[PDB]
């Protein structure tokens, strides 16, 4: 567990010489663009099986209900 | 073709450039808003102290007497 | 089988996505090999030249800084990035071959992983 | 003292009620799923069975009761109690009042609980805002540094 | 302004750094007090005869 | 745009 | 030493205020 | 800016004063929030509280 | 640096270990908010322990007094309703944040070398959590508690050689009765302290090798101390969790519960829907889906076998799934399947839920049976995409 | 030595801390058996924890069921009389061993620098043992149990401004009833784990500053590893202790107790002789001897203040009692005084026992007040006895 020095040169600024909470909502539309563009595959994979299974279950339940309802 | 770090070390300049992606700089001549952050933290500390007080009192007075024995004592 | 992007559309898409990701963070594919992971990568990095290893450390530090800042490499250097230009696989293969020979005929492991 | 018990034991209750045990009503609004609506509907929904279904003698039909047939008859008969305040005692009125009373008996801490919840949700949201500001202020030094690394590829 | 610069090398035997506040002008009456404060934060050397 | 291995002394090494 | 005494007195005041806020003996305090 | 700096030089030069200020502010804010939430409660549900039923004292 | 005289009270031997391992332990500077869940499961455990002790000052482990004692805490004790709702919803929160912990580990492949011991101690902690929550849920002595205890402990008689002997020994008699209640109470009191010890060993191993990071790369180049940079991050996490927990205590205190537990246990009557708490549901679903109940218990053992066997797979040099599209999709499919399987557990054992649970279990095990193949095939990527 | 390939499992990181602190810790080569007494106290604590858990699998903390539940443990549970006698007599042996531990520390002046933290943590440990044993003795709910609880809790009223409030809050309802019984059961179950933590801190501080020896001299010249040299010595001690404890369990199990605890608690009548367990008797005797109960509580606080104030004395250069004849005699007189004080506490308040106790407690504090004088004179010794 050692440190590996890199030979960099780092300029830093005081936390009291720069605004804090503006960067949250700065450049918001591009942020939302990224969040949606680079992740729609993941959301599709997470939710698609769930909604598909729910639709299948409801279809089966209703069809059995009608068939057995005399 | 001297390296980037060597050129930076050997040539100090007063036109320092920071990242400014998610933290925008103040203009170079401006007082530091040091007090405002302290008052924000003060409000947060208000809340934290109130919550700690609530939790201690709730536990200790839970260990206290109960309405059953209070009504039983006549 | 051996599926390369020239003879496989799916492999072409996979390579394209990996290139896009590595270029976004600006680090070669070999930089992902953790020395703590295998201890053969540790030896291979111990055998490589100092300029190459220092470049690897610099690229990794840049990537970690970009990850913390929640940003990507600017498009200029992103177009200047060269992922998959390897520097380690040959040395790693040599180290593993030497280890395999030593294990195959007699021999004690030159290095071992602590427990744990 | 506590409320009196109409029967000495569960077996006595069953013998009185023909084998059915009238459950304790202390937590009836929390013991049954969707307790308040269920109790109100069960008390007020004593309807006529559909065509073809015959409830065994001694039982009464209730659509909302799991099973179809319940042991109690309709007790919330219209004009069974005389309110002491001047409210006409209709079956819906008695149903709503009884469900309110039972829900109080099953959760006497609702008012204090909700007041505490509102206050602490608001106050902790303020704390969350302050904590976010504190984190952004501490990390502002790192998240805005410029590092020169002497590498391009 | 108040900021920092760090030139990490790790190939140099000794690390050297300077941390500074904002001083006073020539005509500020507190510059004498700053000089006294510097005097009571005096320099120390590895070859100094004062020692400890 | 990507530099050849001729430059980048680490690439040369 | 006088500065230390003043600091200790102020810290005692702060601790007393904290204990008072924790216990809330406003009813008890007759004098 | 000026107001924040003024209150800073008032109450942020010794940590004991700051702790006293924090505790006092916590107490006052707690009591104020109590009062506000109680007023909202009274405004919202009017005509339901215990000391509102028309026959509260006639069961004798 | 000769320590002739004291510099810093943090570096004195009294505070030196805490200094190192809490204030000065270096962590990668790019950790996201997904490590706060590891920081937060400990807070949930502390909350559970404190509320449980103050509850045990009021609970009576007899079979004729347990339910009435719990109601005594509900009604008579000042602030008792707060204590009980805190304990119950805090068990729920503990399991929620631990599941988030586990799934972040799965996404970023934190189980990979050299943190095999970290993952294995985590699995042991998971066993301890499950046993503690179950034996604690039996305590209030409601219908659901009694019958869940009966069903689950009776399903320990699937072992071939011993079976009934172990079940009789565990019950202290012939059925779930007062002896089992008293035994479960004592065990429920004891086990959380072993859980604290296991958490400490977990943290010791992790600190031995250091924490991972979103990129999954070696990260000893850019590191910063824990305090204060990650203290404030974890503070934001804690306050958000406090808001969530306060919502779940003061406005929906029974939504995560099951209403049939508010009925005093009656061994002569069975509730129509015997199901465990929502956080045992996937395990219950796998157990029910596999028929031949001995096979179900074997499958439950096999689940933990797979969890313990995860860190000891093949090469798979790249670990973070940000650079593994196929493993990323596989992980999302696994998470969806786990959520679906948890949904299945609450459903009856009628059709089509049997088939839906039988397919879901197969997918769940296929996840573990496919990752070594992914590693083996991806071991030869650089030779194929190289630009030489 | 570069650890390329692993030589020994003991030096591997999994067993490295254990290796150091258990096998390889250097120890003075001339230790006698009282260090074995320290290890024996640790073993007694573990025995108490295990038997207490298995006892709490059968004990009902209700006022109407506690006594009959204990008689259940004795008569019906398979080998339950063994568990109960082991727990009770193990509390007694725990206190015997801790007393021998403390008195060895006093004799060899192990409290001196740099082991002030070790001694202070020991004092905290002793407080925890006292509280745990007291609340545990309340559990069986007999005459002595109930009335001792009443008296010892009601002497907390001696606090000037908040005494009555603290008494009522601790009682929970104007008496020592069911609420106090449940409260005491929960606390008795919880405290031993804090005691384990305190013991671990005790050992850590000692291991920081080595270990004293019968000579009191610097001892880094001739040091040997703890294993196997002191493991076998401790083993001899453990077997002898097992024989002693087996004599107590099987043949004379009720000698160390009082017969009044076999009568169910009856808050109406009062037994004629209310005394705590034998190991609280010296403290009880001091408190009873000094009248004006506020003065008694102040005197107990003063006892613990003196015990905490031993380590921080001024000169105290020569450590061991082998080279301190005056201090050797003072220590033996103190031990005789402590035994006499313990005997006084079991006697009624009728004369002459009041005079004897009021002398014995004064002599106790006199010992604690004349050690610095001996230290100063001893610091003066060397420039007087020079032989030239």
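Each chain carries a letter (A, B, C, D, E, F, G, H, I and J) given by its place in the written order, and its residues are counted from 1.
Heads up, the rule we're going with is that a contact is a pair of C-beta atoms (placed from the backbone, for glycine too) under 8 Å apart; a residue touches a chain by one contact, two chains touch by 3 or more.
Asker: Taking each chain's centre as the mean of its C-alpha atoms, which one lies nearest the mean of all protein C-alpha atoms here?
Answerer: I
Asker: So if I superpose subunit I on subunit J by CA, what angle comes out, to the nearest 5°?
Answerer: So the copies are related by a turn of 180 degrees.
Asker: Report the pair of chains linked by the most C-beta pairs in contact.
Answerer: C-I
Asker: Using Cα averages as centroids, what's the distance between subunit H and subunit I in whole Å?
Answerer: Distance between chain centres, rounded to whole Å: 40 Å.
Asker: Go ahead and note the Å separation of the Cα centroids belonging to subunit A and subunit B.
Answerer: 27
Asker: Counting only Cα atoms for the centres, state how far subunit B is from subunit F in Å.
Answerer: The computed centroid separation for subunit B versus subunit F comes out at 46 Å.
Asker: Residues of subunit F that contact two or more other chains, please.
Answerer: Subunit F, residues with two or more chain partners: 2-3, 8, 10-11.
Asker: Multi-chain contacts in subunit G: which residues touch at least two other chains?
Answerer: Within subunit G, residues 21 contact more than one other chain.
Asker: Residues touching two or more other chains, restricted to subunit J: which are they?
Answerer: 13-14, 183
Asker: Pairwise, which chains touch?
Answerer: Touching chain pairs, listed by label, come out as A-B, A-C, A-D, A-E, A-I, B-C, B-D, B-E, B-G, B-H, B-I, B-J, C-D, C-F, C-I, C-J, D-F, D-H, D-I, G-H, I-J.
Asker: Flag every residue of subunit C that touches subunit D in the complex, lowest number first.
Answerer: Those residues of subunit C that touch subunit D are 55, 58-59, 61-62, 65, 68-69, 77, 80-82, 85.
Asker: Which residues, counting only subunit B, touch subunit H once they are in their complex?
Answerer: 31, 33-36, 38-39, 42-43, 45-47, 49-50, 53
Asker: Which of the residues in subunit D end up touching subunit H in this complex?
Answerer: Those residues of subunit D that touch subunit H are 84-86, 115, 118-119, 122-123.
Asker: Can you list the residues on subunit C that touch subunit B in the complex?
Answerer: Interface residues on subunit C, with respect to subunit B: 69-71.
Asker: Please give the residue numbers of subunit C that touch subunit F in the complex, ascending.
Answerer: Answer in residue numbers: 49, 51-52, 54-55, 79-82, 85.
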